[PDB]
Structures are given as structure tokens and as C-alpha cells.
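The lines below spell out each chain.
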Amino acid sequence: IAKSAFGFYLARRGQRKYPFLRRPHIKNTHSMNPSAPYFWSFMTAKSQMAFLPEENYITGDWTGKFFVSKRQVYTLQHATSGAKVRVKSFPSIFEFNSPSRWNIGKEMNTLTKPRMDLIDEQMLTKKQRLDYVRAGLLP
Amino acid sequence: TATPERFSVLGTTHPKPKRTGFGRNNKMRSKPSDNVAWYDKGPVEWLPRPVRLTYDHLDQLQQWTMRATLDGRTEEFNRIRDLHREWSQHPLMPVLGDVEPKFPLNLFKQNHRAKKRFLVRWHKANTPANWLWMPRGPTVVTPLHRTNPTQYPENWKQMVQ
Amino acid sequence: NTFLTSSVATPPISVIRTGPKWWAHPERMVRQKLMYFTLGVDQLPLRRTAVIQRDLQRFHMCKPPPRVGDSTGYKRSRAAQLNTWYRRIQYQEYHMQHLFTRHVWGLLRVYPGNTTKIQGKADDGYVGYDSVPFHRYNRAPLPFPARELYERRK
Amino acid sequence: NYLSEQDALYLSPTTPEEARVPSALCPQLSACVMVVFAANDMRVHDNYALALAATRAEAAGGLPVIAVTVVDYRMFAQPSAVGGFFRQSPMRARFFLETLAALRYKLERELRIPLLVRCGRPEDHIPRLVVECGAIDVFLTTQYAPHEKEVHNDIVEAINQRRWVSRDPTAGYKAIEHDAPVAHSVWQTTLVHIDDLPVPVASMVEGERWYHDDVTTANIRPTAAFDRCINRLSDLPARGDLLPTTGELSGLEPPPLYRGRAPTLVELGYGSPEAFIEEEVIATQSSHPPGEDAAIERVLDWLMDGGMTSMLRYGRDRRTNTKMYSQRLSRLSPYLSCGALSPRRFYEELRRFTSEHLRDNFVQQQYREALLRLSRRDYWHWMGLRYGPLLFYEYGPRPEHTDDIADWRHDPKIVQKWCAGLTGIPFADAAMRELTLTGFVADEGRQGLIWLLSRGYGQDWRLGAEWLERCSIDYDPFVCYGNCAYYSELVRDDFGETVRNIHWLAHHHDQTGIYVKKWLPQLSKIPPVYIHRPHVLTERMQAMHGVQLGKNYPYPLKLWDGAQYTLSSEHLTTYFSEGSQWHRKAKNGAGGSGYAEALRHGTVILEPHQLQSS
Amino acid sequence: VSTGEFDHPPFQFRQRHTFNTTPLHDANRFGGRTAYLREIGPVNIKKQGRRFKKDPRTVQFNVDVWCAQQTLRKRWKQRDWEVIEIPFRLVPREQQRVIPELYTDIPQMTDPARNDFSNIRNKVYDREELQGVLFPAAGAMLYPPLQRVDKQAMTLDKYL
Amino acid sequence: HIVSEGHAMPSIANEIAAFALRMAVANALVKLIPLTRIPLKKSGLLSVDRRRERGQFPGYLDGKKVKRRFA
Amino acid sequence: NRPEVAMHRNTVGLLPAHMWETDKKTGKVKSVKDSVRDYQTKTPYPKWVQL
Amino acid sequence: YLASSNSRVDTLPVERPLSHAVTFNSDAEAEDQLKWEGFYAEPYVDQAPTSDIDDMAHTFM
Amino acid sequence: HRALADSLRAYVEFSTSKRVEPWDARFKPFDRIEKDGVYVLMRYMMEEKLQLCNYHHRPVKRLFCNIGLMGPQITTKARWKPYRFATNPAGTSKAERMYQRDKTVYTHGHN
Amino acid sequence: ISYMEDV
Amino acid sequence: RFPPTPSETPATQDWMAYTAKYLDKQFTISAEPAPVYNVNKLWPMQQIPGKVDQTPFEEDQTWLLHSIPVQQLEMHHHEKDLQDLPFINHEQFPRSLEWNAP
RNA sequence: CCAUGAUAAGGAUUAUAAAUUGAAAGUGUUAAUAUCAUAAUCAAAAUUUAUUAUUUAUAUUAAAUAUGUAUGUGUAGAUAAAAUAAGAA
Ligand SMILES: Cc1cc2nc3c(=O)[nH]c(=O)nc-3n(C[C@H](O)[C@H](O)[C@H](O)COP(=O)(O)OP(=O)(O)OC[C@H]3O[C@@H](n4cnc5c(N)ncnc54)[C@H](O)[C@@H]3O)c2cc1C
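Residues numbered from 1 in each chain as written, not as in the entry; some residues may be left out. Chains lettered and ligands numbered in written order. Part of a larger assembly, values for the part shown. Heavy atoms only, no water.

- Its PDB header attributes the entry to cryo-EM and lists the resolution as 3.7 Å.

- The name that the PDB entry assigns to chain H is mt-SAF6, with the source organism given as Trypanosoma brucei brucei.

- Per the PDB entry, chain D carries the name DNA photolyase, putative and comes from Trypanosoma brucei brucei.
- Entered under Sequence similarities (unreviewed entry) in the UniProt record, the comment concerning chain D runs "Belongs to the DNA photolyase class-1 family." (UniProt positions renumbered as here; feature names shortened; annotations may be inferred.)

Observations concerning the nonpolar core
All names here are of chain D.
And step 1. Within the largest apolar cluster, 85 residues are counted, with the highest numbers of intra-cluster contacts made by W418 and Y457.
And step 2. Sorting elements by how many residues they give to this core places helix 19 (residues 477-487) first, with eight residues.
And step 3. What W418 contacts, discounting residues up to four positions off in sequence, is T423, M432, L449, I450, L452, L453, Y457, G464, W467 and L468.
And step 4. By size, the runner-up hydrophobic cluster in this structure holds 48 residues, among which are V33, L50, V65 and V604. (Core = buried A, V, L, I, M, F, W, Y, C linked by side-chain atoms within 4.5 Å. Buried < 20%, exposed > 50% of the residue type's maximum accessible area, 1.4 Å probe, protein only. Helix = DSSP H or I, 4+ residues; strand = E, 2+ residues; numbered from the N terminus. Contact = heavy atoms within 4.5 Å.)

Description of the packing of aromatic side chains
And step 1. Enumeration over the complete set of coordinates arrives at 55 aromatic pairs over all chains.
And step 2. Ring geometry for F576 of chain D versus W582 of chain D: centroids 5.3 Å apart, planes at 80°, classification edge-to-face. Summarising the burial analysis for this pair, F576 of chain D and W582 of chain D share the class buried.
And step 3. On the numbers, 6.3 Å between centres and 80° between planes, the contact of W23 of chain I with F64 of chain I is edge-to-face. Residue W23 of chain I is found in the loop between helix 1 (2-16) and helix 2 (38-44), and its partner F64 of chain I is found in helix 4 (residues 57-67); the two are separated by 41 residues along the sequence.
And step 4. With relative accessibility at 4%, the residue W23 of chain I sits in the buried group.
And step 5. What makes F64 of chain I buried here is its relative accessible area of 2%.
And step 6. Through a chain of ring-to-ring contacts, the aromatic side chains of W23, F30, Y39, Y55, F64 and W80 of chain I assemble into a single cluster.
And step 7. The residue whose ring lies beneath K65 of chain A is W62 of chain A, and the NZ or CZ to ring-centre distance is 5.1 Å.
And step 8. Of note, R500 of chain D hangs over the ring of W504 of chain D, and the distance from its end group to the ring centre comes to 3.7 Å. (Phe/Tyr/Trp six-rings, centres within 6.5 Å; stacked < 30°, edge-to-face > 60°. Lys NZ or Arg CZ within 6 Å of the ring centre and 35° of its normal.)

Here we look at the environment of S100 of chain A
And step 1. Note on placement: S100 of chain A falls in the loop between strand 2 (93-95) and helix 3 (108-111).
And step 2. The exposure class assigned to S100 of chain A is buried, which follows from its relative accessible area of 1%.
And step 3. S100 of chain A sits 78 residues away from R22 of chain A along the chain, and the two C-alpha atoms are 35 Å apart.
And step 4. Residues contacting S100 of chain A, with those up to four places away along its chain left out, are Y74 of chain A, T1 of chain B, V36 of chain G together with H1 of chain I.

Description of the protein's contact with RNA strand L
And step 1. The environment of RNA strand L is formed by 153 residues, the closest being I1 of chain A, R117 of chain B, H25 of chain E together with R58 and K61 of chain I.
And step 2. Here RNA strand L approaches the protein such that, of its atoms within 4 Å, sugar and phosphate make up 51%.
And step 3. Here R51 of chain F contributes a backbone N or O atom positioned 3.4 Å from a base nitrogen of RNA strand L.
And step 4. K81 of chain I places a polar main-chain atom, nitrogen or oxygen, 3.2 Å from a sugar or linking oxygen of RNA strand L.
And step 5. Sorting the residues of the surface near RNA strand L by element identifies helix 1 (5-9) and helix 4 (126-135) of chain A, helix 3 (112-125) of chain B, helix 1 (51-54) of chain E, helix 1 (15-32) of chain F together with helix 4 of chain I as the ones contributing at least two each.
And step 6. In terms of residue class, the surface near RNA strand L is built from 59 nonpolar, 40 polar and 54 charged. (Near = heavy atom within 4 Å. Polar contact = N/O pair within 3.5 Å; in protein donor to acceptor, adjacent residues only side chain to side chain. Nonpolar A, V, L, I, M, F, W, Y, C, P; charged D, E, K, R; others polar.)

A few points about the interface of chain D and chain B
How big an interface is tends to be reported as the loss of accessible area on association of its parts.
And step 1. The interface of chain D with chain B comprises 25 residues on the first partner and 23 residues on the second.
And step 2. Taken together, the two surfaces of chain D and chain B that pack against each other cover about 1,900 Å², and 57% of this comes from carbon and sulfur.
And step 3. The interface formed by chain D and chain B includes two salt bridges.
And step 4. Across the pair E279 of chain D and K41 of chain B runs a salt bridge whose closest N-O atoms are separated by 3.8 Å.
And step 5. At the junction of chain D and chain B, the tally comes to seven residue pairs in polar contact.
And step 6. The leading source of residues in the side of chain D that touches chain B is helix 22 (residues 539-545) of chain D, at four residues.
And step 7. Broken down by class, the residue content of the side of chain D that touches chain B amounts to eight nonpolar, nine polar and eight charged. (Buried area = accessible area lost by both parts, 1.4 Å probe. Salt bridge = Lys/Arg side-chain N within 4 Å of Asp/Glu carboxyl O.)

Notes on the site of the ligand
Residues and elements named next belong to chain D.
And step 1. Taken together, 22 residues lie around the ligand, and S330, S333, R446, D474 and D476 are the ones closest in.
And step 2. Measuring from an oxygen atom of the ligand, one finds a backbone N or O atom of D443 at 3.0 Å.
And step 3. At 2.6 Å, a backbone N or O of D474 approaches a nitrogen atom of the ligand.
And step 4. For the ligand, the protein covers 97% of the area, taking 810 Å² as the surface of the free molecule.
And step 5. Within the residue set of the shell around the ligand, elements represented by two or more residues are helix 12 (333-338), helix 14 (363-387), helix 17 (443-457) and helix 19. (Areas by Shrake-Rupley, 256 points an atom, 1.4 Å probe, with all protein chains shown as cover.)

Brief notes about the sheet that holds strand 4 (residues 137-141) of chain D
Residues and elements named next belong to chain D.
And step 1. Pairing is parallel in the open sheet, where five strands are placed in the order 3-2-1-4-5. Of all the strands in the sheet, the pair left with one neighbour each is strand 3 (115-119) and strand 5 (182-186). Adjacent strand axes in the sheet meet at a mean angle of 25°, parallel and antiparallel pairs treated alike.
And step 2. As defined by bridge partners, strand 1 (residues 33-37) adjoins strand 2 (residues 65-71) across five bridges and the pair is classed as parallel. Pairing of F37 across the sheet is with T69, part of strand 2.
And step 3. The strands touched by helix 4 (residues 122-133) within the sheet are strand 1, strand 2, strand 3 and strand 4, with strand 3 carrying the most contacts at an inclination of about 140°. (Pairing = 2+ DSSP bridges. Axes fitted to C-alpha atoms, helices over the stretch in contact; angles between N-to-C directions.)

Spelled out as C-alpha cells, the structure:
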């Protein structure tokens, strides 16, 4: 059960059908979907000639960003500079402490797994743990 | 980044066991269902597959029969006509009290799966081999079709004078 | 021919009870009549089906006849007897169609759909390029080429 | 020929390099404790031998554990004692091979214990494999059936002195030549282990009622300790070189010769599947998939659905007639026979379910009835052990009780008709159809069939027993033969269920005729008055109900008095004769499935028997 | 009037191969182009399947464009002729006029004065009559003159 | 001559359109010749059937006549 | 090249074999070595940037 | 096909075919003949016996 | 990263490796003996380029379109094996090969 | 009654 | 824009030129008689002269065997995008749908 | 949190005829009881939750970024819908 302010304000109204590609809250759970032949044409800008998004650059006289935007595309300088790179994700943040050259040119949201396979055994309740065991997700 | 051979938490994730069943809710078994056809009963497997005939098939058949007629090969025509003579007899009228069984009706909970199952099983059992209503065999008399290939028009040379 | 997907077979009652939609459809009926005519055999079962079906569709709209109510049940028995006789005639027509279609395909070297039998040179049943790696009825694997029921040269 | 090829490949005096167990790189891992899986058990959740091997390995000796199994070629296509039936029909062989494959998958992917499969004589293969692997201790389950007790004794004797075999001549070799092993035998077939019964088997009173009394005071060992011992194998190291690769797991390439390959039905000697395949209507919607996990899921789903009504109807303390048409009855007999599901696991699961749902007052009666059924199976096991080879002799185990039984008579046509199910009795027809098509038929069906063959017709009871062996996938030797003798009046024991007529059983268990209608739908129009006697019908009734005797439904084998004078040749409709459908059913023309099928359609036959036409 | 099907069948329960019912994308509907919109095998709605193939609007647009391609290819098959510019003086009398642009005025006629009521936008002239104007410097007539048949001639059709 | 009005489709080879053509021809013949009205009216040629396909409704699963799944 | 246009133009020269370690018995990629410290390039930006 | 002894009773009794009158004196006799031939029987095929209803009643009690 | 490298390697190797013949040998155009019919044209005219295209369905169909001498017979009358059946290697002789492909490779059904 | 046959 | 235009070939303009260049090298006539005036192969469309371009395909096979993609995302119109969807028909003023602006 | 009321879904007997097969008995947001309350989208986001028709084997990823998963005899239990331009007695 996701806990957020909008959860009380809005209502799911069951498994309602939305217009194609027009769900209100976008949750790209398929960003980390791997596809070798379609590596450059999945969750990425369609044209190779397009410039990098505005989110990859600093515009004004900034004082500092806690985390960079997900659409910011990983570049060589991200690994070469050896600086601190963080991306907001559940639960709190994901930090790039393993700079690799195999992710150059791909978006950080594509690199980061949205739906983490790991399940917390601590906050899980008795009934919820029983449900997970019945589903097979937990022993 | 020289992927280490020791993954700490990636391996320890309780791998999902393999799916047991199939179909709905992954619980259907592999039982031989009612869709199985019997290739022994009659030249056509019972509960025949929905074969659909096309006009290009009709044209190809016309070309084939033209070629056979022009080449004088009539064994295929004779075997087709004999098969039609054997399978195309007039069904005798059933006696009073002959009715195909019907499935009982209940109002509280009508089981449509059992309703279709009974019909499918009954018709599967009702193979063309044991269709006693349709006359068959050599003991029957057919005063509508030529009995032997000798009297067919392709053998017209014999009937003279 | 063009339909090579494994198919589900409906009961003959389910086929017959369909009105002038598929079973009694004029296009399919005239195609079957053309096939029978080209083969040269009489169309007695098809005509016996058509004469019943045209009257059935003519009178489908009106109400059933008023009846006083037969004490002996002779009228109900006679109605059931007529319905069964017509159903059996249509059964014979259905079997004739499904037999001569296979025979014509065998003569014309036409590869049929999955899991169907042609009395000429394929008695086990034809399975080729199916989603399952086996015959699904014999549970036996099949070669990568579908099969060669007929020779190469035409 | 396949057995000869396997003997030339494996049982050669020097094993070829293509068939070699790889040498362990670790000197301490060179030795490995070995466990052999027999046909009795194919499970790893409650097997005693595996747990004992695990605890021995974790205590001392060879830390790696190696699992082996041998599929003998002598009980698949070989003829039986009489009638030439397959010892295991193609359906039973397919079930066994699927169970073996599932067990191998579970062992090699969950426990990471390699399962070396061999084909041929276990007595020839197992000791040589132990010597080749250098096993410290070889564990196995006790086998005490004929053709199986002898092979178990030969295996243990050979491994005691490290004996070998040499190809076709089978020249036993000494331990010195090469290309302290001890054999442990543990008893796990029955629900309750020996030495735990309140009375010894030798002094056990002949009767199932007394054993039912005993089992109330008897104790059942908990399975938690054995489950722990089995689970410890995961942390216990094993030979990783024998673990399957991804390619052979997917089946891209055949498994290596030393790891073994499961045999195929065509190579086993069946030859003509189209002759043995039966195309008839199947009414039961429930089938048992192979696998111990599948068996556990079946038990759980049956308990959840509430199949206790099959054991006993709610509120009915007296045992009530069963309903074969229903899907409620628990079809765990094939699992118990093949050993995929242990009776101890069944008992503990059932007791746990009863303890949970103890609020209803009748669940105790349901549980006790199920325990009574399991105790009956154990009692038949004990009776088979007591009788030994004497049971399989002519006229049952105890001939003194068979004075009323007439001399056995043999008729190939009669036994062929009975096997094919062309009997005039609809109940017998339905029972035979379920037994042939489905994995098994219910207890009442088996009783009716065996009584009809033995007493109803006079044919030899061994024919029916061997046909049950061929067809029923839940086959247990002792249980099947003992029940056949009891219901043929060969083991005449009082204080037990009375032997009942086929007509009695049909009228009692299937009175309305739902089962008969379901399995013989061509008789659906027959009213419930004449369902069980379709023979007694006039021509008018036959025409009105759409069934003609002979043409559509066969005449009964045993005609009424004076029927031979009033019946002509046309009505009788001989089914097995020259030029008949049964004759042309097979491509080679040797009839079809039935009498002498192993002799007729058997590519490889070890025994000569007698082969004559008609 | 065309016997072809221009409409993509609506999405409903799974279609099984049988009589009167075939799979929605079984390589036969709308030609073989349904492979672009075919997703074979059982598919998890949770985490499998491209949504554009499940969107009725998009598949309708795709089948519309495929039908448009069929119409265009058949029209260009019909279009055996080609268009050549002529400076209004070497054209015949029927063309020495003002021709309104396409779809701008009433469909004109080819000089109804002499009982010629053809469509000026559809009339096609053959190369033989215009051979001289099209190839002024050719010299020798590369294309032979068109041998016209005399209708007044006494031939076999006139019941000789 | 027949002129189609309302909803135009490429192929109108269907029984409903054939019935509409039949009604139009019968009405035209009646208007042309007065005494022709009696046989056509007694045979039902001129009579109009008010039946029409059920209109769309998104509440239905297909939109016309089938409700949604219930538990 | 993407598969939809021309897979046949793919060649082994595209694959950098020195980037990863290859299994000998199966031809699989066992692992990929580090590619940051050992990577030296003279144009982190196109030559026309010139800072 | 087996026979049956006409003097001694065999272990399996097989019922002989029943005999029906070729002529009917009364309409009541004809109606009885039809009823016991099953002419007036519902063509429905039994799928659940009355034993289920009786067991439900017993459990309710 | 490891799986991406493996998938790229497998995809390139699959693209370069020769695949099975994508034409059905049971239909009207591809029915003649290998010594007659369209097979003579294939063997004597376009045989060289088939090895270079590695018998993939898209290049073979495009080459059949461009060679002419067949016209619309490659689409109006000819038929081809399904997408997952035309991707089998040069010698398969088994139906279940398509399920033997590696699963950890994220090549999107390209061996 | 739609179709009736003498035989 | 798709479909891509394949590279041109010298003697594929006509059968006479193709036979003369690629078949025999002895054909007397170089090519078909070309009129002195300009010929517009694609009559409705005015293409840039001197540019190699194709014509609508006469054959069916090339239409579905060419590199022609399919619609995947939402359809965008140069003007109808103001109106959100066919269901959400945004009308600024309640004027008639048959209204005219003189 | 609580802080009065109000619209929904749910077909069983008024029928042919110049005619419609959807109900009033109530469904989150709305008008009197108070007494720490800053919980609100303007993008790129976190399944464990009863109430939901997905495309099945000739040709398959181009424009806002848009689904890598589950081939297994049309296969247990349980259950859903329709007698209105359609064809059912
Ligand atoms: C001629 C004959 C042969 C038989 N052969 C076998 C055989 O090979 N294997 C076999 O397991 N049973 C055999 N039985 C016993 C009986 O057929 C089965 O117990 C039962 O019919 C199997 O169906 P079920 O599992 O649905 O029955 P359930 O009652 O649901 O099964 C309960 C379990 O209890 C045991 N059991 C119950 N009744 C008996 C019984 N009468 N005798 C022995 N065990 C019993 C079995 O292990 C059975 O699986 C035979 C009976 C007869 C008359």
C-alpha cells in the first residue's frame, strides 16, 4: 500500500480503463527493460542528432542540487570527473559509486531499476508477510 | 567495472519457483481434453477440424478434373463416386420416441462448463461408424446410383447393339 | 490451406443450430454445391438440407401453432421425430462436406490445418509449424520441416 | 538390441573414456556417499535413505553425495507370466519416465545432487557404479517384491564383496582389479516402519480388522527430523562437476554418457504406439500430473476443497457407498504407488488439516476413515510379505480356502473381450474404460472387473491381475494381487468385507447410473430401470432408445439359457476374428492391444514364451 | 463498391480458430501485414505486451494506411500513361482551351459540340498521332503509323 | 435507379440493404401504377419494420448488449 | 545496425573483444573488466570546442 | 460367447429378454406398455442423484 | 552491464551466422524439385548473394523482389515460415529448437 | 413439415 | 521521410536501355524515344528537378516489404491537437458545424 | 479523525399497439456539533490491492519515453454474459 498525500485526496476507482498513453501518474516501471538490438531506440530520444536535454546542464547561478534529474543522460565526464552523482528513487536515492563506460549515452532513469526486486522483511506485517509467503515472494 | 564474482544481496532474493500448471491461474493440467480427435473412426477424424473451402481451391479442382478427363485417368472419379454412393444414402426416419438426450436444468447454479462438456462427449461418442440411422454396407439397395463402374458413361463402348 | 493454426472443433449440434449465419450461409452452400458438381456426384444431401433450411428461415419469425394439448403425446412425439430426422439429415450433409473437403485437398496436394486427417497418405493427422514442439495428440516431436505428404514435381 | 548396446557401452570390462565419472580434483572430495533410488520411492522430501546418506556425509566420510538410479529393461515390454501383457503399459512407462525426469530435475536444481541414470539390470549396474565412484557407504530402500527382492539381495551381496559384471557373459570380477563399502537398507515403503508395530509380522493375526485395531495404538515417526537432514544437503558440499549444464538442462544436446540418459518408449520395445493408443471418451476431468510437488499441491487442494465427503458423508457414521463419477475422491493412489508422495507425509498433512478444522465434529471421523484406508494398504503390504512367492502361484496363496472355486479355464477370446471392455455389463464396461484410458479406476470398479473375470466367467485370476498390473498406474504388487485373490475368493478370510456380485456392486454404488451414462454416453437414452441390464430389451425399446445390441452395444459374454438357439450369427457380431477391425488395427497386422500383446508387438523379448497364430 | 474489409474487428474475448471465428491476427486478415500488430503466445498483462497493438485507434489507423496503399498501387497500375508538356499550340483542338484545376470547377467535357461527352481530365491520347510533334528532329518515323480499321469495309462480321 | 442515402458503405451486399431496396422498388411501383398497391400490401411489401440495431452504450462490455464481469 | 533494416551488415569487428572476458567452453561473456582508469582519449569533446 | 446351464443356477445370473404382448385389448394396457417401454420418459440424463438431497437433509437435521 | 555485453555478443553472432531457408517447401512456388523451377534460378542467378545475406528472411525476400523474373508471385502466391521458425540455424531438423535458445540473453528473441 | 420422403 | 530512396542505376529507365547496356551490348537503339519536352513521371506531385526519387509502387509486394514503419504513439495533427481528443472536443464558440464565413 | 441532509448500481408478470428492455429508499467529495493540524498534480515518480474482455505462429520498435515475459492435448475447482436487426419455440 503506497503511502502518499494524494492517496487520500484521489481514488483509484478500481481497475478503471484510461485513454491510451494518458494515465495520470506516469510510473515507467519498464525503463530498465533490456533490449540489445534496440539499445539506442528504447526509452531514449528518437533522433541521434538531438541535443541533450536541458536537465543535463546548469542554467542559472545555482547553489547546488541534492540529486540530478532522471532524464539527465550519462556522459563520459560523469565517470571521468569522479564527482558525486545521485538520482532520486525509492526509497530515498541511488548514488553512482561504480562509474562504468558501458552506460555512456543512456538516461539515468533507464539505468536505475524503478521496481526493485528486493523486499524489506522489517516493515512487513504479519498478515502482509503471510500474503507474500502465499504469493511465493517470501519464504 | 570488473564485475566482482561475489554478489551480496543480488543472489539472496528467494528465486521464484517454476510455474506448476498452465492456463487460467496457472493451474490447468495436461489431461487429454475433449478437443482430441479420433483418427481411427472413419476416413475423417471425429469432431472434424473447421476446414474452409476457397474459390481458388475450386479452380484448382476444376483444373485437376480437366486434366484427369483429358488424360483418361478415371480411377479417382470412380473411387470418389463409390465413396459418395456409400456415404450419401437417405437417412431412414426415426421411430417414435427417438430423441437426442438433453442436459438437466437447474436454476440455482447452472454449470455451463458441464453443459458444454456433456454435449461434446455425447457427440464425440456418436461417431459416424455407429450411425445406424444412415443405411450402410452392401446389404442396402440404392435405386439412385450406378452400382458398378462398368455401367458408368466412361465405359460406353460396352453397351452397343 | 491458408489456415494452418491448430483449431478447436465444435459439436455438430453447435454447427447445425447456427442459422443462416455460417452453416446455412448461401455463399458456403453454393461453394459446396460447386465442389460437388465439379466432382460429378449428386448433391442430394445438400439439397435436402437446403429445402429444410429455407423453409425454416421463412417460418422462423412466426409463432408456434396453437394446440389443444394431446393426451397421448402423439403430437409431441411426432414433432420430436421430425426435428430429429431433420437434424440427422443435416448431420449427414455436414459429414459429407467434411469428408469431401479432405478428399479434394488430398487430390489437390493442399496442406490442411494442424491436427487433421486426410485419408490419402496422412492417417495419423497433420501437424506442422505449431506453437507446441510435439503433435499435441501423440506427444511425439516433429521435424523442423512440417512434412512432405506429396512429391515435389507437379 | 538397445539393452545389448547399453551392455556393450557400460558393462564392458574396461569402461570407455566417453563413459567415465570425472575424477574429483579435491582428494577429500574424491570419496562420496552414494544413495540409490529404487522404483518404490521417487521422492526427496521424506525418503529415509537420502536423509541417512546426508547425516552420514555431514558426520564423516565423503562429504559429496551421489544419487544413482537404474531403470531395468526387464519389466516394460517383456511378457507376463500368462497372457503376454506388458508389465508396464506405454501409459505406465510414460508416467514412470515423467516422474523420473521430475525427480532428476528437483535433485539437480534444488538439492544440487547429481542423479546418474542407467538403463539395464540394476544388479549389474549398481555395484560397478559404486566401485567406480569410490563410495564409502551405499544407502537404499528395502525391496521385498518378487523380481525385486532378488535383485536387491544380489545388489547387496555384490557390493559386500565389491563384485563386478562383464558384459553379456556377466563374469563377476574381484575387488582388486579396476578399470570398505557397506550397504544400508532402510524400510520406508509402509506408513509405519517395522519394529514399531505393536505385534510382530510373524505373529500377526491374519485379518485387516486386527491391524486396524493395532494402528490406533501404533506410532508414526515425525518427518521434521528427516526433512532437516535432507535440507542439510544444501549446505553440505557436493561434486559440482556432475551438476547439469544449461545446454543439457534445456535439451540442446544429449546428456553425457556418464551422466546417463532416460530411455525412450520406442526404444524400450513398444514399437507400435498406434496399435496401443485407445481413442475413447474420457469422462473424468481430474488427472494426476507426475511429481512430488504436484502430489503435495494435489493433497493441499483436495483438503481445501473438502474431499472428506468421499471418505465419509457428513453426519453418516456408517461407511457409505462411493460415487465414482465424482471428482471429490482423492486420487493419490498413483503417487503412493510410485513413491512420489510418502504415506507419512499424507498422514501428517491430513492430521494437521483436521487439527486446524476441528471445529466441525465429523472431521475426526473423516480422518479416522482415511487412516483406516492407509492401514488397509499397510495390511496388504504385510500380507504380501507373509505370503511371499506362494501368493503368485496358481489358485492364490491359500489353496485350502479355494475348494469351492472350480478349476481355472483359459480362453483367449474371452480374456481379450474382457480386456477390451466389450462386456455386456455397463458397469464393467465403464470400469474397464476408466482403467484403460485414465490412470486408474475406483476400488468398486476394480472389484467388479476382477470378480467378473474370475468368478463371473471362470477365467484364471492371474490374467485379471496381470491386466491390472498393465493398466493401473497405481500398481502395487502385493496390494493388487491380494485384493484380486480376496475378491476372487482365493484368500477366504472372515471378519472382513464380503465378496460381492458384479450385479450387486453395480446396483448398489451406481444405482441411478450417472457413472454408466458418463462413461458410456451411447446408452444415455436408456432409463434408469434398464441401465444395468440393457440386454433385456425388446426390438421396439431398442429402436426407441437408439441402441441396437451387437451393432451398437455388444452382447454380454455370458448369454442367458436358451439364447444360443434363438440368436443368429448376425446378432452375435464377432469382434475378434480373421479380417476384423482388431486385426487391422495394427500396421503389422498382429491384432492389437490385449492378449499376447507383448509377444505380438514386442521388438525385444528376453523370454521365449510361446508364439503361435490364433 | 469493394468486397474487401476496411474495418479492423473490435477487441473482444480471445478468438479461437474454428468455424465462423478465426484469430484476429492469423496472417489472413488485411493480408499478411497483421504481423506488425500480432503478439503471439500467452502474454502477461502485468509486464508484457506492447500497448500500441492493443489500442483500437492505432490499429485502425494502420489498417487505414494499408488500405490506402492498396488503393494507390491499384490506381498506379491503372495509370499506364504518362504526362508530357506541350506549349498549347501543338495540342489538338480539344485541348486549346482553359482547363480548370483539379477539384475546382464542374467536371468539364471534351467539346460537346460534336457529340463528344468524355471527361477532359481522363482523356488519353496515343503516341502515334502526336509522334510528329513529340519528336520534331527524329526524321524517320520511329513509331509506325497506327493502322486504322475501316468500319465501312465488308468483313466477316458484316455477314459476307 | 436506386440512390443511397444516410450512411454510405462500400459494399451493401446484406439482407437489410436488400430489404430496403425491395421496399423502395415496391413503393416506386405503387406510385407508378395505383392498382399494384393491393398485391404488395397484402404480401407485406409496403409494410415497414421499425426494428433497428441497439445503440452504443459504454456501460456494456462490448458497448451494445453485454454487461461487465461480476464477482 | 538495428535488426529491422539489415542484420547481415553486422560484423564481428563491431564487438570490442578486449572489453569483456569470454568463457572458453561456451562462448558466453563471463564478465566485463573495468573501463575507466585504462581508457585514454584525446577528444573528450569535439576538436572544434577549443574551450 | 458363453452359454448358461438350464438346470443349475450359475454364479452370475443373466436376465432373459422380457416378453411384451403383441396385441393390446385396452387403451390402459397400451398406456402401461408405453410407460414401461419408456416412451413417456423425460430424455434428460441423470447427473446428480437424489442421494445428495437426502444427505443435505440428514446434515441439516 | 554483464548481461548487456553478452546480449550484444549473441545478437551480433546470430546476425552473422547463417540461418535456415525461410521459404516453405510445401507450397506452389517452392514445390518443384531442386533441379527445376525457381530453384534453378536461385542456384544459377542469386546463389552467391544468399550466402552473403545468411539466408535471413528480410534480405531473401528483398532479393527475390529485386531479382524480378517472379513478379508478385513472392507475395500473392508464395508463403514463408513464421518469424520464430525462420530464425533457426542452418541445420536444425527439429521443431523444439526455438525453445533451446539462451534465456539470459536479452536479445529480444534473436537467439 | 418442410421435407417428407416416401422412402 | 520514409520510404528511403535506393541509389539510382544508369540503365534501369527503360527496357531498351537495360537490354543495350546489361544484356547484349549490341542493341542499336540506346534507349526509348524520348520526347523533346519534359515528362512528369509522378503527375500529381511536382518533385524538385535533378533529384533522384521514386514513384508509387506498382507491385503489392514492395509496399509491405519496404522499410515503412507503423503508428506507435498518439496521432498528432497540425491543427486538431488543440482539440484534446475525439471524446474531448474543445469548441471555443457554439457555432454551427455547417456555418460559413463570408 | 470527527465536524447532521443530497443524486448510483441492483431485469421475474399493466403485451403489440399509431410505443422505450433500466427502479427512489441511495452511491467518497455538497448546507449549523468544532478547538495544536501548512499534507494537493504545473510533468518524467513507489503493484499486494475484491469488482478487470489482450493482439496466438507467412512478412513484427520512426518521433513526447511506452512494457523481457507464462510455448506446454482449447486442459481442475469455481464462475461471467446474452432471447431488443436479427435468425433459438
Ligand atoms: C483388484 C484390486 C486392485 C487394487 N490395486 C491397487 C493398487 O495397485 N494400488 C493401490 O494403491 N490400491 C489398489 N487397490 C485398492 C483401491 O483400488 C485403491 O485404494 C483406490 O481405489 C484408489 O483410488 P483412490 O486413491 O481415489 O481411493 P482413495 O480411497 O481416495 O485412496 C485412499 C488410499 O488408501 C489406500 N487404500 C484405500 N482403499 C484400499 C484398499 N481397498 N486396498 C488397499 N489400499 C487401499 C490407498 O493407498 C489409497 O490411495 C486395489 C483394489 C482392488 C479391488
